[PDB]
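Architecture at a glance
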Amino acid sequence: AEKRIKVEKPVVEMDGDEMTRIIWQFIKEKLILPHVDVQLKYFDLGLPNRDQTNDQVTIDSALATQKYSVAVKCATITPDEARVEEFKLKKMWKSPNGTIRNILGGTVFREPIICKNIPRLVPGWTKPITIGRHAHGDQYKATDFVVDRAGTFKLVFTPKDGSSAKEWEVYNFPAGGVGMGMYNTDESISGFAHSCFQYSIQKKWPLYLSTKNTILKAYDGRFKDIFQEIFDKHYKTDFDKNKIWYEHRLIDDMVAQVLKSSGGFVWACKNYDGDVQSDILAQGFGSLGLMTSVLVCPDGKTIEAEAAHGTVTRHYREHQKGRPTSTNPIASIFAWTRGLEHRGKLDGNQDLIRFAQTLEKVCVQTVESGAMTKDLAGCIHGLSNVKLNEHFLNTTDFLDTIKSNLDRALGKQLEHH
Amino acid sequence: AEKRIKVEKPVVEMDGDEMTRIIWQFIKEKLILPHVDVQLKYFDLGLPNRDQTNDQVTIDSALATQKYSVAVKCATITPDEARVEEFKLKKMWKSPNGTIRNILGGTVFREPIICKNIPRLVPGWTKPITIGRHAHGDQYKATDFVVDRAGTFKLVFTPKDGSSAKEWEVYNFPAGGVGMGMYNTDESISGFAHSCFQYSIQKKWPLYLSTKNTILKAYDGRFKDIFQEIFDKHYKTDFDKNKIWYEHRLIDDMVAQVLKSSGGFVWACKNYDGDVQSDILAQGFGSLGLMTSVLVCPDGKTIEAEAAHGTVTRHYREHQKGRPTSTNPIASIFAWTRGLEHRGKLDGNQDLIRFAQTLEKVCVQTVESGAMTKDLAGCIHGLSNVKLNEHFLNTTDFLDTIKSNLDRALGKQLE
Ligand SMILES: [Mg+2]
Ligand SMILES: [Mg+2]
């Protein structure tokens, strides 16, 4: 290609774990840095460094993302019991996404990456669906415990001004059990709502906020109340103007509608439902690998693009020994592209935005032309009916095909001006 | 059946609301009692009577279910803001299904009804899938509240044996917000697990418990642990004998893995997940109306077979104005059959069991042959390519067709 595109402001990079960390490197080397001059603020969120720093690098990386307004994040391991044994960890550390999302706040938007030849497990979904997952609070900022004896679990609220304290007896445990408490601010639900309406306007689509307000009257009612209050006060005229609507729905009614519908709408979820229902969407549209994830913070400027799927552990065992693999890198690629795309919007850099979009176009077209990794070929032909270099190809070979197609596609650009 | 089938012990009947209430008494009058002599213990759980009794009749029906060990429940209204204006209720009463499940406890087993002519929205699922929803606790017995000003929200556990009281600060509120707290006992999780393992063995299918124990390490971890403890102590040897397995899984891995698979397993969900994921299975397998729902208590004897779908109001307004409707009653019929089928198995009554099966086989065959309601027609032809008395029948007509086919099927049996 020509001279590299000069990016004025920096971009935070959060490095990942095991096999997603290796393809992360090959993406920077072959696709990003050859075409883009960018100042990269590095943070290693790999599990070894998190252990060494005591999960402090996770906090510092989030604070850096607040400062420079853009981050890109590779996939990381949230450690279980076996991982503490393997990595010799001093503590079973909490989810780094949880720590970051709590600090930044806002709304995780998730939508599928549409490859026209990839078959859908849900034939009904002709148009694409976007989830707006609430990034803060609920189960991901909870306080849970085990009860080993008889006792009285209660909630207590002590006002700051000094008026008398309120109390609620949750349960008198007769013997052993478990208990937990969670929360959410009005502020975070407001910023969550603003994000979902504004995205619903920009997309020219309707919005649906699912809750379970019939059971949790005070808690889930506050979601429905704040959404309806903001809709009718700010975006009522704009939805009517654009031939679209906002509605609430019951969560168990909603998941039936979605599976039955043709699609083509925004779907606002609470924190927990966003996690569960977005992995249904992804898999229904074709594959877990084909999905984006962009945490849009309430301030309007800040984002954290990231790899949707988890780390590929079994494929990492092969790369240690020096053997080939076939791991789909497209999620990691799109995390980079959406990071640069938003970097460009913030600075008015038109070349950077068009580069990002061109790379997204290429990744799709490459798969559409029958060049793909094993997991995507398994969607088409069946998982045990595919040969090496015939139906699918290796991970670095697939990246080399994208590298090649990117240069070709960038060749058709500028030459016609 | 010139003489009816006698039933030694009683059955509890919980009457419902609006349109299902109408088709409930249709089923009682012309489908059940003509062929079965069964002493029913009537409890009206309609919303007007629940207001009359301060939701006490709801409790009374549960205590009756404990005594006689079988219940059948029509669909009821969980009232919202709009219902308190309409019915002029004194208080916005809580869910009667919530109140009953809390008192009885156990595992709500939900599985689809397979009609071969109905298409599935998930082509992958060749074989059927049974969810085992946990009946008790979690969000359904939660204390939740709104926060109007700044303050410190904390939890407190005060041991009864006089040991040290523990406290956890949850959050220090700057502005307003919301907070809640919930619980679950170890005994509830045991009976839940046992019920799931016994059903998984009797089906000869593998079991999968799903949790989010990476995040809620203590709470969801307790489920993972108790299931695994009970498996290895009691059931591992019988699972191995029938070529089946138990496995834990992460919830967001499970929902992907289920949709990808071709079914044929038992899926043990927690209380909240079972509510949501059962509607995905139902809708995906064909339609919300083609779903059974049987609460199976920890003791093994007691059950409560309920109507899965809600009491759809759209159609009830047409009925009140004289016009015909097209609601699917098959759910409500299966509530009866599964009640009677269990009533028969408890008492050793082979005739009652055969009858219950015959009616289920009739409901399926009736749809498979061609006769069906509007919503089941819409699954095949689409919702706006359907003709009244061509592609579908009325609610009244459909029930008379089932009554006819039941009588002819029963009339063929005696030979
Ligand atoms: Mg996930
Ligand atoms: Mg439900």
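Residues numbered from 1 in each chain as written, not as in the entry; some residues may be left out. Chains lettered and ligands numbered in written order. Heavy atoms only, no water. Residues with missing side-chain atoms left out of burial classes, pairs and counts.

As recorded in the entry header, the structure was determined using X-ray crystallography to a resolution of 3.29 Å.

1. With respect to the pattern of salt bridges
Under the convention used in this document: The salt bridge definition used is simple: a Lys or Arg side-chain nitrogen within 4 Å of an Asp or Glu carboxyl oxygen. Numbering of helices and strands starts at the N terminus; helices are DSSP runs of H or I of at least 4 residues and strands are runs of E of at least 2. When accessible area is computed with a 1.4 Å probe and restricted to protein chains, residues below 20% of their type maximum are described as buried, those above 50% as exposed, and intermediate ones as partly exposed.
Tallied over the entire structure, the rule returns 49 salt bridges over all chains. Note that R323(A) is salt-bridged to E318(A), the shortest N-O span being 3.7 Å. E13(B) serves as the salt-bridge partner of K28(B), at 3.0 Å between the closest nitrogen and oxygen. Highlighted residues: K28(B) in helix 1 (residues 18–32) and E13(B) in strand 2 (residues 11–15), separated in sequence by 15 residues. As far as burial versus exposure is concerned, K28(B) and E13(B) are alike and both buried.

2. Digging into the coordination of the magnesium ion (ligand 2)
Filter applied, for reference: Only N, O and S atoms count as donors, using a 2.8 Å cut-off from the metal and 3.2 Å for Na, K and Ca, and because water is excluded some sites may appear unfinished.
Only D252(A) (OD) and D275(B) (OD) from the protein reach the magnesium ion (ligand 2) as donors, at distances of 2.4 to 2.6 Å. Taken as a pair, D252(A) in helix 8 (residues 251–260) and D275(B) in helix 9 (residues 271–285) lie in two separate chains rather than in one. The burial state of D252(A) is the same as that of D275(B); both residues are buried.

3. With respect to the coordination of the magnesium ion (ligand 1)
Each protein donor to the magnesium ion (ligand 1) is listed here as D275(A) (OD) and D252(B) (OD); together their distances run 2.6 to 2.7 Å. Of this pair, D275(A) sits in helix 9 (residues 271–285) while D252(B) sits in helix 8 (residues 251–260), each in a different chain. You'll find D275(A) and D252(B) in the same group, each marked buried.

4. Section: unusual backbone geometry
Residue and element names in this part refer to chain B. Positive phi outside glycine occurs at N54, with the angle close to 55 degrees. Its place among the elements puts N54 in the loop between helix 2 (47–52) and helix 3 (56–68). The partly exposed category is assigned to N54, whose relative accessible area is 45%. Phi angles above zero are rare outside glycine, and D55 is one such case at about 55 degrees. Note on placement: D55 falls in the loop between helix 2 and helix 3.

5. Thoughts on helix 5 (residues 96–104) of chain B
Residues and elements named next belong to chain B. The following threshold applies: Here the arc refers to the directions that run from the helix axis out to each C-beta atom. Polar contacts, as counted here, are pairs of nitrogen or oxygen atoms within 3.5 Å of one another; within protein the pair requires one atom able to donate a hydrogen and one able to accept it, and residues that are adjacent in sequence qualify only if both atoms are side-chain atoms.
Among all positions of helix 5, only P96, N97, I100, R101 and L104 are buried. For helix 5, the angular spread of buried residues about the axis comes to 125 degrees, placing them on one side. If you check the start of helix 5, you find a side-chain oxygen 3.4 Å away from the backbone N of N97, and it comes from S95. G105 sits one or two residues past helix 5 and shows a positive phi near 75 degrees.

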